[PDB]
Every structure is written in C-alpha cells, then in structure tokens.
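To start, the structure under review is shown below, and the notes come after it.
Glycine gets a Cβ as well: all are built from the backbone with ideal geometry, and neighbour counts include every protein chain shown. Throughout, read-outs are computed from the coordinates displayed, never taken from laboratory work.
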Amino acid sequence: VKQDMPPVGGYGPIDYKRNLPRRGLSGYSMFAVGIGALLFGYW
Amino acid sequence: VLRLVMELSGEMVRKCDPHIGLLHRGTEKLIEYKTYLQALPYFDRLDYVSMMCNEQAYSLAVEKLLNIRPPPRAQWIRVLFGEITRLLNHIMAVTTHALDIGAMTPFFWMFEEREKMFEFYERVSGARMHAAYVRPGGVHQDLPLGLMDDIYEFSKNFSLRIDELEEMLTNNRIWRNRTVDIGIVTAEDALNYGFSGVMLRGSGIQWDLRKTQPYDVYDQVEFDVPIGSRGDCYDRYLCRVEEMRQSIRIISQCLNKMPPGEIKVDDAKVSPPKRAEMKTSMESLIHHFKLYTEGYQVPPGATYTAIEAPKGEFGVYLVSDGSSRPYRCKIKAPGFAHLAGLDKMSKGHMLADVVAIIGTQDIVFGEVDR
Amino acid sequence: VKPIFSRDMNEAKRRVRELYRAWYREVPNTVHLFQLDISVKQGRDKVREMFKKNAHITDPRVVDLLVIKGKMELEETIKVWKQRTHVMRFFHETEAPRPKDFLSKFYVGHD
Amino acid sequence: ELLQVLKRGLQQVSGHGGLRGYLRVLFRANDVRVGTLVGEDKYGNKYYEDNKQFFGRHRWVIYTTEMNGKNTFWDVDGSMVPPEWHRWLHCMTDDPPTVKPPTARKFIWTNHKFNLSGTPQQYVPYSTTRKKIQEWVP
Amino acid sequence: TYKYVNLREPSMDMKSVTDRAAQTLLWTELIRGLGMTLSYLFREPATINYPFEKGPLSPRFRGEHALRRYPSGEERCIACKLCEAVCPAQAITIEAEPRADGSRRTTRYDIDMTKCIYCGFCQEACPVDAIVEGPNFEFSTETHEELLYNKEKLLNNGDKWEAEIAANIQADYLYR
Amino acid sequence: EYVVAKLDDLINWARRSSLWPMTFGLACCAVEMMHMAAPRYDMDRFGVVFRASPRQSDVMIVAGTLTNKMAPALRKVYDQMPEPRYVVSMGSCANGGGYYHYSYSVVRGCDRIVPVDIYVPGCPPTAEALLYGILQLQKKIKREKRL
Amino acid sequence: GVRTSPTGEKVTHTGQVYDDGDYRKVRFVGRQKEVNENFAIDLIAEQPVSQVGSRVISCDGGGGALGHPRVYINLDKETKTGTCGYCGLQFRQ
Amino acid sequence: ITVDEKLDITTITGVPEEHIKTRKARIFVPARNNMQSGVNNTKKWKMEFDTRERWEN
Amino acid sequence: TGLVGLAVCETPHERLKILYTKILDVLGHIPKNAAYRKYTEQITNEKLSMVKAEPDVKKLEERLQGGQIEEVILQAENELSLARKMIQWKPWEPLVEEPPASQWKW
Amino acid sequence: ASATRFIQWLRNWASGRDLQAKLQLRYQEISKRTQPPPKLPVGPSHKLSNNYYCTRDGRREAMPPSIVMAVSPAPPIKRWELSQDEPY
Amino acid sequence: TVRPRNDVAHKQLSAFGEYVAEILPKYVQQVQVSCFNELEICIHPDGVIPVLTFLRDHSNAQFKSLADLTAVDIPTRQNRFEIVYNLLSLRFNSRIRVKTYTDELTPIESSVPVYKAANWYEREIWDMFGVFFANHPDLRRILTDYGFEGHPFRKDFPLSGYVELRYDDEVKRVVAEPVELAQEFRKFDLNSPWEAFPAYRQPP
Ligand SMILES: NC(=O)c1ccc[n+]([C@@H]2O[C@H](COP(=O)([O-])OP(=O)(O)OC[C@H]3O[C@@H](n4cnc5c(N)ncnc54)[C@H](OP(=O)(O)O)[C@@H]3O)[C@@H](O)[C@H]2O)c1
Ligand code: SF4
Ligand code: SF4
Ligand code: SF4
Ligand SMILES: [Zn+2]
C-alpha cells in the first residue's frame, strides 16, 4: 500500500535566522586593529 | 521580449509606456474549440514557472461548476505541490531579478537546487516542467513511495540553502543602495490598480487570499504572511525571501499530515477510472470512453476563482454552456495588473531603476495572454 | 437617449476630411525618416484606394468608428512604432491575384 | 592528509591502464575515474559504474570504438547504449545483464542503430492514400 | 499571521551606532559576502558529463512516441481514434481500414513533432496501451521531413526501445 | 591535397570547440534554456558561454513561440549575425508550433521566417535533450569545404 | 516479408507501390525508405491455435499488465476458429 | 441629451478581405443522427458556411 | 506610531466628527424619499454614537473599520465625494430608463 | 590539496556552519526503482451495496435563482495578531 | 455525504440581492442573479460610472479593487457583448460582478476616473472585440499587430485568421502577409445527445 510516514525532527527554518556574527564584530575592536596597523606601519 | 518605449527628459524617465503583448499566443480563442480535459495543459503554459500553482486555479474553477469536492488526500497533494511551486516561483523572482541587475553567483546557487526540485516533478509526472497533473478530478496519479522520504530530505538541506541568500544579498551595501526607494507605492491608489500579489501584501495592506478564503484544506496549516512598511523594491524583495522561509513550514506540516486513501474523485462520471478497473467492468470502460472525446457535460453558468499566486492572481472566469466546450474563459494574470503600475512606478526614476521594477514585481511575459 | 460615438450625420464627413488632411501630410515622413520602399506618388495613390472601398456611407456610427480606427492604424506611423518595412505595408506585392472572369478562374481553379 | 589524496590519484592512474591508459581516457572522456565494471554489452561498451562518488552516480558509460561503422574514437555522443539506459544509466537499480534481464519477445532488433542524421538511411514521410482511381481505356 | 519586515532603526547610542557606521567607513559586509562564496568554491561541483554520465529520470517518463505490440507479434493498436480526440495539439492523424482478414487496424498513423506538446494524454487514454512514451531524447534532426513521424513505419521502429518500454510499464499497472 | 584537407579540419574544429549563442527568451522554453547554466547539466564544460554578446554571437537558439509581432524582430537580428551562423529551434513551438499551430497570431514554426539547421523536439526540452542542441550540432559540422 | 516492387522501393504493411509516372519518388533517392522487417499479417498465422475445453473462454494479454479488455468469445461454430477483436489468437472446440 | 437616432441597414466595418461576398451562409438547424435517437443537438440554430476546396497534402 | 499605507501617521480626533456631520447635510438636499438617504443615515449615526462614547480607544478604532484611525478616516474621505456625485447625478429618486430585451439565460 | 579533512575546516570557518548537508547531497537514502509493487486503496465506492448515484448527486444543484429584480456582505475581516514564533 | 460541496453563507449574501435592489433605479439595477455565494448584477450601458462610484468607499459596501474586466461575446442576442466588471472587497472579503450589455457598435461610459487599472483592460476589449469606449485617454492596440485587420476574438471570423502565413520571400527585407493558406483544423463534431440536466430546459 502507498502511504506516507512523517520523519519530522529538523523541520527547517520556522522563521529562524542563521545570520550570526563571525570573526569578531567591529564597534571599537576593529578600529583598534585598523589604527594599530597604521601605528605599526609608520614606526 | 519586452518593447518598453522610453521617454527620457534628460536622464530620468518621465513617460514609460510598456508596449507589451509581444507574446500573444492566442489562448483565448483556441480553448473554445477544446474540451475541459483537453484544454488543461494550456494553463500550465500560461506562466513560465508555475505548474501546480497553475492548473490549480483552473481545476478548482471546474470543481465550482461541477459542485464536486476533491478527496481528502488529493487536497493534501494540492498543498504540498502548491507550496513547492510557491518555492519554485520565488526562485526565479529573485535569481532573474539578480541576473537583470548584474549579479552572477546567486543565479547559479539556486539553479542547482532548482534542478533537484524538478526531480520531484519528474518522479511524480512524465514531463520535466509542464505536468498535466492537477486535474478537474482532483489529482491524476498518486505519489510513489520513494518521494515522501526525499521531500523531507530536501527540506532539511534547504534550510541552509535559503540562508545562503540572506548572508549574501540582503546584507550588501550595493543592494541597500540600489533597491531601496524605487517606486514607493503604499497608497490606496495601489488598491485601484489591484496588484494583489506582492505589491499590496508586501507593503501596508494586510489582506491576502490564503487566510481569508480557504481553497484546499487551509486554517489547519499554519501560516506567517510577511507585510512590509514602504512600497519600495527592497521591502518587496525581503517579504518574498520571508515567504520562501515561511513555506517549508507548510511542506513539513504536509509531511506530518497525509491521510491514506483515494487519489481521484470517487465519482467515475468525472474522474477517469483506474487501468486495472476499466479492463474488466463495462460501466468503467464506457465512462473511460466518454470522459475522453467528450468532456464532462458541465452545468451552464459562470464561475470565478483566484487562488493566490506568488506573482499575483489567476482570476479564471469560465463561461459555460450545456455542451462540453467552454465558450470563452479568461484568466486575468498579474501581468496586466503590474504593467499598469509602471506609469506611476517610473516617474522620477532612472533607466537602471526600471530594470529593478520589472524583476521585483516579477513581470513574466507569459502572463500577458489575456 | 441614444449614443452618437463622436459626430451626428454631417460632422462625421468633416472628420474624414480632417483625417485625409492629416494623412496626406504624413507620406513624406514615411519615406525620408522611415524607408523609401516604393514612391511618394504611389504612397498618395495608396490612400485613395483605401477610401474608395469605404463608399458605403449609411450611418454616423459606422463612419465615426472607422475614423477612430483610422486614428490608430495611420497614427502608428506618426509616432513611429516598430514596423521596419515588414509591417505597415498595406498594398499586396508578394502575391499575384487571379482576375474575375468565367474563362480565367475556371482554367486555374476556383470555387 | 595531503599525501593520502596524492596517493589516491596515483592509484587511480595505475587502475585504468597506466601511462597509455589514463591518457586515452583523459582525451576521449571529460574526466577519468576508477570504479567497478558491468562489462556486458553488444558492441564493447565498458559502462564501469557502481561507485558512490557523488550525486547521481551511475558513472562512466564509455562508448565503443566503431559500434556499427562510425569509428567513434575522437568524436562520440549519446548515440550508443543499447537497451540498458533505463537501468544502468538512469532510473532502475539492478544491472541489466547481471540481475534483471529484459524478457524476450522475438520482435525487437538484435543490433541497435545509431542516431539518424544528415547521413544516408535517414527518416522520410509517406501517406497511406490509395487514391481515387480514374478509368480511361481504348 | 502578521510577520513584519522593517526593524525601524536599531541604532540608539555609541555601541549600536559605531558598528553600523563601521560597515560604511570600511567594508566588512563585502568580506562577509566573500565568505559565503569562498565556502562555495571548496565544495565539489555537481556536474554531469553528458556522453558518459546521465541525469536521473523516472520509471514513467514522456518524451518519445512509439507504439507497442503483443509478445506474439500482432499490432496492438486498434484505430479507435480515441487518442486523436484527446490530443490537445490535434497532432495525431489517423485513417482506419479493415485489413481484409476480419481484424480492424491502422493504415495512416502520423504523429507530427512539429505539433504535440508531449502531454501524455494519448498514453493514458489508450485502452489497449498501444502508445507508451519511451524515455528517449536521441531524435534531433536536420529537416521537418526527418522529424515528423510517418504512418507506423518509424513508430514500429520504436520496437528497438521496447525492451525499456516493457520494463517501464511495470510501474504503470498498479500506479507507482 | 592532404595538407589542405587537414587544414580545413582545423577551421571546422575552431567552431566545434566553441560556440557562442544569442539565446532568445520569449518562451516557457527560456527556463529550460536557463537550465543549461544550472550546474547539474553543465554547458560551460563546452566552449559555450552565457555572455550572449548580440552582435558577436554565432549560433542563435530560437526558443519557443514566435508571434506575428516578434516575426520582423527576430529576422533583423539574424541579418546582423556573422556569416558562420546556425539556428537551433528549441521546443515544439519553434519547430512547427506545438500548441497555437491553428492560432491566428503565431507563425507556424520559425522556418517561414528564419532557416533552421538543428531541431530540438521537446516541449519542456529537457536538459538531456537540449545537449543534442550542442553535441549533435558539433557532430554535424563536417561541411566538406573543398575549394 | 512483403514482395519487392519492380521499380525499386519496398512495399509497406498495405500494398503501396508508387506509380512510374508519379513524381513522389524523389524523397527516397539518396536516403533509404524505412520499412519494418517484421510484418504483422504473417505473425497472426505464425501463432498456433489454442484448444479450449469449455464453451466460452475470455481473452487477455497478461492481466492488467498487458493491455486487453476482457472479451468473451463464443465457440459454437465448428468450421473457422473463433478469434477476439484485439489479438490474432484463435480458439477451437 | 443628444440622441441623434438614425434608422439604416447594418454594415461591416471590422471586416476581412474579399471573401464575404463570394461565400454563402446556410443558417439551418442541425438534423438528428440516424443511429443516435436523442434530441439535444436539435432545437438550436447553427450557421455553418459552405465548404470550399480540399485536397490531400 | 506608523500607518500602514501612504496616509499620514497621525490620529486627528474630532476631524472624523466634522466629516460625518457634514455628509448628513449633503444627503438632505435632493434625496428625501429615496432609500439612499434612508440606508446611509442609519449606518453613519450608528458609528457617530460609538465614536462619541469612546475617545482615543484602540477598541473604538477597531469598530467596523479593522485598521488604524487614519485608515477609517480615509474610508470616509471619499464618502463625501460619493455623496456629492449622488447629488449631481441622481438615480436614487427617479426610475425611467429603458428595460433590456428578454434574453439573459445561458 | 583535495583531502576532505582540511577543506571541511575552511568551509566551516568562512561564514556560517556547514559540514552536514552537502551541495550534491545525493549519497544516502536515495531509493532507486522506487519500491516493490504496491496496492492502491479504494475510496467510499467500490464496495457494493448503497452505492447509488441518487445519493452521490455531484452535478444536480446548479440552477441559479433570480433575486428581487442595512446589510453587510460578510462579518468584517478582523485583523490578525502578530506571529508568536517571530515578532519582526 | 462525501463528494459534494456544502453552502451556508448563501442567505447572508442574498441580502445584497435586496440591498442594492432597494436603491431602485431603472437606470441601474434591471436584473439581479445570485448563485454559489456569488452575485451577478446586469446594468444598463448608459450608467456605468455612477454605478462604480457606488460600491466604492461606501460604508456598507467597500470594494475599492477591480481585479477582472472580462467581456463575453455571444451572437444569440441583439446586444452582442456582455462586459463583466469583476470587483473584489478586501475589507468585507466578498466578490461581486457588474455585468453590462453593448450591441455591435455603441460606446459605453468607461471607468477611467473610477479605476486607474481599467484603461489597460479597456484597450484589450477594443482590440479583441472592437467595443469603443467614450472618455478614454489613449486607446491603443496592444495584443494585435500594428497592421491587423478585424478583431481577433469575434466569433464571425475563423480561428486560423486571414494574414496567418508569413514568408521571407524574393524581397530582401519585407516579410509577406496576405497569403491565406494553412494546414486544416479538424473541427470535431462532438456534442452529446440527450439533455443531462434538469431545471435548465426552457419551453418553446
Ligand atoms: N545578370 C547576369 O549576370 C547575366 C546576364 C546574362 C545571362 N546570365 C545567365 O544567367 C545565369 C545566372 O547565374 P549567375 O551568374 O547568377 O550564377 P552565379 O552567381 O555565378 O553562381 C553559380 C552557382 O552555380 C554553381 N555552378 C555553376 N557552374 C557549375 C558547374 N560546372 N559545376 C558545379 N556547380 C556549378 C556554383 O556552385 P559551386 O561554387 O559549388 O560550384 C555557384 O554557386 C548564368 O548561368 C548566365 O548564363 C546572367
Ligand atoms: S493508439 Fe490506442 S487509443 Fe489510439 S487508435 Fe490505437 S488502440 Fe486506439
Ligand atoms: S502526448 Fe499529448 S499532444 Fe502529444 S500526441 Fe499524445 S495526446 Fe497529442
Ligand atoms: S514548446 Fe512548450 S515550453 Fe517551449 S514555448 Fe512552446 S509551450 Fe512553452
Ligand atoms: Zn485478445
């Protein structure tokens, strides 16, 4: 007989976002790397 | 494909008249000489993409004439394949829009996924794309035992696949510079234009069709309808991506709820009988002989249906006599609705802005048939 | 009480005069800007053969409807749309017709 | 890790022939890959598949050199594969000459013809009209 | 059930403003856009080499028209004209005649490929199962005459594909 | 001589290696045309590129329906094409009108406007069958350009 | 199977020899005529006549697999064997 | 306001080429079939035009 | 605060009360015995009684309107234009136009 | 290098978690030749007794009544609340 | 019982069959039809603009949106064309049909000031049917050719057309038009004897 069995476990994205911060967010940290690269560059 | 006669005052477009109908195949007069079962695959070939979202609007319109409710299982096939078209339609609505702009990668990223999508169509119906599958007698052929496990396996892998687009196209400075603030239409004038698809739904107006008017086993399936703030192309883009995200939930709930039983309509006076059944009994073979050559003998009158397309509305208007031939039917596809807006959408916008308008509205040139 | 389309009896004929006046001045524009094709003189003769077919004036409604139709098929070449000599060629040149005769049509094959 | 991948490539070249074997496969076919062979086919076609490899892995259906009289060595298309494409190449699971053979009918042709093209023995239309006869005799 | 799209300005003061200002002074989102394409390069290309590898198909597939016959010879088609009436393109032309020996069969049987939208109604409307759609693609021609199939002469050449047809029809009876 | 005959093979091989198309949309066929770009049935594996280049292009692939409005539009494009040119009719509409053969507005299958070299038969012309629009075309290039 | 014409072109399932004065013969000059090797008329007589014990027997191809509507054939006549409308299969007694 | 009622015979404005004057219409109700003994094709008028030349292609 | 459409994101109370009091005077010029005057008055006064009862309430704005308070005012803005068009061209009071030929059944 | 062990670290590093669910993703649980021959179930018909078409009307009630020549068409479409799964 | 569809909202929707009829013009109403929870009203051609201003921004009936503007061509009646204005309410969630009637060549009052979408569908009717519309801005041919004769839908002329065959003949650039030969359409005489339906047959 032709029938369907529900295999539900990981249904998918039910309004879910995988957009996560990676490799360290900026704010003040990447500016310290940026100006830090300049100060190490000039010296 | 499109003529698009431009009147450029200097740099900005003032009068954009889309001289469309360059693909008038003549579906209007040609169906008049065909029966209802014979005229079925014409409405597949109405739009380029929709196959189970198309014919769905036609088969339910024939069902409204015949006063026949399709079997419980067949309706669950109609949603499972109705949403997999809603997945398929919004692939082209994003990718060819990106192709018209100049984005090279995101087109190819979804087309490998799309070629895996047509594997579901192939295993369920002989044709690759245009499948004469959704019929006036509900659903023609049953799902094979192999497919139901593969639908879940695909949706499990689709989760990261849809996340690829939001980690690529939405967060871009280029897109938020380009698509933002092109033809901001939120006004009650848009109701008078009557787009109904993604223009009204994706900006301001809460109204849709799926929630207000159930067609095939709705309210039982959970929905999240995305509604934007501004009438620009970018809000119309994001709601489509959120529609793509809120479609797997419908597919997963369809996988959870599958009542085992009959596929075609129980009455053999409308649905053609099974091959093992027709070769033995007399009544079945006559009904098999008469449902072909002759149509159904439909009740006279006029029906109207509009099941929510990702592009807009397939407003089927069948006018019927006692005979098996439908004398004039008209499907007013979203093409005529969206191309009417271009007189307002282009005012005070550049040449490259017009390219963005056509894609986000998804003006498929097949829509202009009626 | 009744629709009149645009004009009543007499003024409809003056609209044809207005249509003939406008279309007579547009045949130099359909040669220099468009394409030479045939001739300026033969282009004006192409107008005369079109209006000789419409010798059956009987209603104001029929005349006015032909004027509105004439303000589109001949308005197409004023504000130039895509034709490129393949379209907007009213006179048949590719096919040779058989003359109306009892001896000529029976010899070739008709009715 | 990099040494293990390099050893797998060297073993792949040693599997299918060698210096002359792998070079013949690289020039004729798009990519050379080693796997289990089915072998049995009319006009010696290899059809070495069975490998897991990737998506839709009924891999490497190598065309026979001169199937009927075309000398397909430098140029060959999908004109080959006599009644085995439905199982070993596309849809079914079982191998056509190994597990499940097609049933004999004594009507189907033993030798499979090539693709109909601009060459002689090409398709042509005809009508079954007997025509209305005309009677004239002295 | 009412979702929303707009966030309505997430930036407020100092920490939430400067990081949003960072992706405009420098790029970062360009590097984030680079990241997704970088991972996409390293994963294996899903490509099929056409003359050697073949794309996945179904047991019931429509593409090539060929008329089947019984195991003990004998043309299976009956000339009902049933398949003619269902045909939405009106492609299939049929003239019927008695074969002078009682049996009622075919004389003219042209299914032109200039027409036909490969709908597979004639496959499903045939009571005798004569026309079964063979899974074939190998029929690209130079001329119209070479393309449109003649009165059974090129269709009974579909006997060369009948080894697949007899195997693929085993999914048709008791549907899939 | 033998040297001239082998040189003519190299000129034929130059086209047999690479063919750059101007693919006409205006069809449901156009999606199956876009499935050539799709990685599963790769066509950039050949010398074929989706850069189009309308003036430069060699082999125009007419996909699907040709109406009377688009009938003079496609003809003027074909005249602007370089002399080594081929036409691939893709889909049943482009062959002889699959549907809409008996319709008023559709030209009955390309050949009445523009001469067709290779016919692709299928409505949805499957990416399997569409690779006979390239490989069978490449096979058909013999030409026998003697003098 | 079928007898070859004096003109050249082979006859089909029905007696279809092209006339000497007919111009429609240029089509088969250069390219070959597609004529089927197996002729259906000779294959009817090739299949042996099966024997029936009972009065009325039902004909089938092979159940639901092979396409055949179930037709019952009367076998009261001694001379000329009874045959179904679909197959060329004959029945006796 | 403004009626301008004129009584005259009907004329063809949106008409094709010279073929209307030559072809003759036969507005006659279709007769019931000899084998089929049912009256449903009847009781409705049908305007079928006279058939011209037909030949095998 | 933020309105859905292009209508201004502001809630002007009593401005709705001005518009509904104005249209009642517009209806009482030419139609008096006509049903158009009879049916519109019993809906507008029903709404006016509920507006006067509850000031600046979200439940009061939801009373047979659905959306925002500005959207409800927009649903009554062109109602004054509909009433003015009914006064200029009036089919509500007279009935004299010709009946059609007896054929509508398909 | 073509070794999967080192490459899987790179694709996981460059934006988002990967590893599982590949681009090809047709390795395991892909059933060829579908299944062993199944039996399709019958609906509310097929089983004999009380299977009259008098009860199963289908196309019977279809005749349109001609009507006449404050009331609403329906109770007004009340707006639905925001989604519990995601607010924005 | 399994297989048919059930109706309950018919009586609630039938109230509009009284409501719009109680406005009572001979200028508007004429005949009201209601079946399977859908309303069909056929309105005299002289009033179309004042009819469509009603049901728009009206407190009881708020439609605002026009989805379809279909036209029915029928040769049985003296009034040949039955233009159907299909309206859809988004506030009340209901559909209504505003039918009209026009003969061979008479202008109807076009709904350009009422609806901004109407003009595109209005051009479509003038192409397919040839029904001219008064007070219309820029009436152009969209679906038809720029040199097309007659009107593409009209049941007067055949399915194949008249200028169907287009050659690239002896003239270098000019595409031929006036040739009228085509492959024959097999018009199957399919119409089943015996009337299948009661409550539809009319006495002569
Ligand atoms: N206006 C005039 O020029 C003019 C004036 C007076 C009379 N005519 C007459 O009218 C005719 C007009 O023709 P044309 O001059 O326009 O032709 P053309 O342009 O010179 O072309 C001749 C073609 O015929 C083929 N051909 C010629 N001789 C051949 C041979 N011996 N073997 C094989 N193929 C051959 C060639 O094909 P290959 O390249 O493949 O061999 C070539 O493509 C002439 O024959 C001439 O006598 C012309
Ligand atoms: S193919 Fe089948 S339906 Fe068609 S005539 Fe032959 S037996 Fe009849
Ligand atoms: S597949 Fe469809 S269109 Fe093609 S011949 Fe069969 S019935 Fe006709
Ligand atoms: S052949 Fe089929 S898919 Fe291609 S354009 Fe025609 S109908 Fe569309
Ligand atoms: Zn038998």
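Kindly check whether there is at least one residue in region E:107-126 that is away from ligand 2 (no atom under 13 Å from the Cβ) and away from chain F (no Cβ under 14 Å). Talk me through it step by step, then tell me what you get.
Kept after step one, since they are away from ligand 2 (no atom under 13 Å from the Cβ), are these residues of region E:107-126: E:112-119.
Now narrow it down to the ones that are away from chain F (no Cβ under 14 Å): none.
No.
I'd like to know if region E:52-66 contains one or more residues that are of a type in the set (S, T, Y) and either at the interface with chain G (Cβ under 10 Å from one of its Cβ atoms) or within 9 Å of ligand 2 (Cβ to nearest atom) (or both). Steps first, answer last, please.
Quick first cut of region E:52-66, residues of a type in the set (S, T, Y) only: E:58.
Narrowing the set further to residues that are either at the interface with chain G (Cβ under 10 Å from one of its Cβ atoms) or within 9 Å of ligand 2 (Cβ to nearest atom) (or both) leaves none.
Checked against the condition, which is being of a type in the set (S, T, Y) and either at the interface with chain G (Cβ under 10 Å from one of its Cβ atoms) or within 9 Å of ligand 2 (Cβ to nearest atom) (or both), region E:52-66 yields no hits at all.
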Residues of region B:20-69 satisfying the condition of being of a type in the set (S, T, N, Q) and away from ligand 4 (no atom under 14 Å from the Cβ): B:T35, B:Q38, B:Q56, B:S59, B:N67
Residues being crowded, with 18+ Cβ neighbours inside 10 Å, touching a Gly at 6+ places or on another chain (Cβ under 8 Å) and among the charged types (D, E, K, R) - total across region K:151-182: 1
Checklist (1) more than 9 Å from every other protein chain (Cβ to nearest Cβ); (2) assigned to a loop (DSSP other than H, G, I, E, B); (3) among the small types (G, A, S) applied to F:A94, failing item: (2)
Total residues in region E:85-103, condition more than 9 Å from chain B (Cβ to nearest Cβ), away from ligand 4 (no atom under 16 Å from the Cβ) and either crowded, with 19+ Cβ neighbours inside 10 Å or within 18 Å of E:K151 (Cα to Cα) (or both): 9
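Being under 26 Å from B:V241 (Cβ atoms) and either away from ligand 4 (no atom under 16 Å from the Cβ) or among the acidic types (D, E) (or both) narrows it down to one residue among B:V94, B:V1; which is it? Give the derivation first.
On the way: B:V1 fails: either away from ligand 4 (no atom under 16 Å from the Cβ) or among the acidic types (D, E) (or both).
Among B:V94, B:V1, only B:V94 is under 26 Å from B:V241 (Cβ atoms) and either away from ligand 4 (no atom under 16 Å from the Cβ) or among the acidic types (D, E) (or both).
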Single residue of K:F148, K:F92 found to be touching a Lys or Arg at 6+ places or on another chain (Cβ under 8 Å) and either surrounded by fewer than 22 Cβ atoms within 10 Å (Cβ to Cβ) or basic (K, R) (or both): K:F148
Residue selected from region K:5-52 under the condition aromatic (F, W, Y) and within 11 Å of chain J (Cβ to nearest Cβ), by the criterion farthest from B:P300 (Cα to Cα): K:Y19
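Condition (residue is in a strand (DSSP E or B), within 16 Å of ligand 2 (Cβ to nearest atom) and aromatic (F, W, Y)) applied to region E:138-150: is it met by at least one residue? Reasoning before the result, please.
Here is the first cut: in region E:138-150, the ones in a strand (DSSP E or B) are E:141, E:149.
Then drop every residue that is not within 16 Å of ligand 2 (Cβ to nearest atom), which leaves E:149.
From what is left, the residues that are aromatic (F, W, Y) are E:149.
Yes: one or more hits.
In the list E:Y118, E:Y109, which residue meets the criterion of being within 16 Å of ligand 3 (Cβ to nearest atom), part of a strand (DSSP E or B) and in contact with a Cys (Cβ under 9 Å, 6 or more places away or on another chain)?
Matching residue, one of E:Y118, E:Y109: E:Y109.
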Number of positions in region G:42-93 that are under 22 Å from G:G1 (Cβ atoms) and either away from ligand 5 (no atom under 11 Å from the Cβ) or surrounded by fewer than 17 Cβ atoms within 10 Å (Cβ to Cβ) (or both): 8
Residue match in region E:25-37 (condition: more than 7 Å from every other protein chain (Cβ to nearest Cβ), polar (S, T, N, Q) and surrounded by 12 or more Cβ atoms within 10 Å (Cβ to Cβ)): no
Residue list for region F:16-36, filter: buried (at least 17 other Cβ atoms within 10 Å of the Cβ) and assigned to a loop (DSSP other than H, G, I, E, B): F:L19, F:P21, F:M22, F:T23, F:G25, F:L26, F:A27, F:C28, F:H35, F:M36
Test: E:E53 is acidic (D, E) and either surrounded by fewer than 21 Cβ atoms within 10 Å (Cβ to Cβ) or closer than 30 Å to B:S281 by Cα (or both): no
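Test of understanding: among A:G24, A:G12, which residue is surrounded by fewer than 11 Cβ atoms within 10 Å (Cβ to Cβ) and within 14 Å of chain J (Cβ to nearest Cβ)?
The unique qualifying residue is A:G24.
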Count of residues meeting criterion [closer than 14 Å to C:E11 by Cα, part of a helix (DSSP H, G or I) and β-branched (V, I, T)] in region C:43-67: 3
Among residues of region J:23-42, those that are more than 7 Å from chain E (Cβ to nearest Cβ) and more than 24 Å from B:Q141 (Cα to Cα), counted: 4
Criterion: under 28 Å from H:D4 (Cα atoms) and among the aliphatic types (A, V, I, L, M) - qualifying residue of C:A55, C:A96: C:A55
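One residue is enough: does region E:56-77 have a residue meeting the conditions assigned to a loop (DSSP other than H, G, I, E, B) and within 16 Å of ligand 4 (Cβ to nearest atom)?
If we filter region E:56-77 for residues that are assigned to a loop (DSSP other than H, G, I, E, B), which is where we start, we get E:56-63, E:68, E:70-74, E:76-77.
The next check asks that each one be within 16 Å of ligand 4 (Cβ to nearest atom); those that pass are E:62-63.
Yes: one or more hits.
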Contacts under 7 angstrom Cβ, first residue in region E:126-149 being farther than 20 Å from D:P125 by Cα, partner among the aromatic types (F, W, Y) and within 16 Å of ligand 5 (Cβ to nearest atom), 6 or more apart: E:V128/G:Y86
Subset of region B:168-223 that is over 23 Å from K:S94 (Cβ atoms) and in contact with a strand residue (DSSP E or B) (Cβ under 8 Å, 6 or more places away or on another chain) - its residue that is nearest to the other protein chains (Cβ to nearest Cβ): B:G183
Count of residues meeting criterion [in contact with a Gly (Cβ under 8 Å, 6 or more places away or on another chain) and either surrounded by 20 or more Cβ atoms within 10 Å (Cβ to Cβ) or part of a helix (DSSP H, G or I) (or both)] in region B:135-184: 9
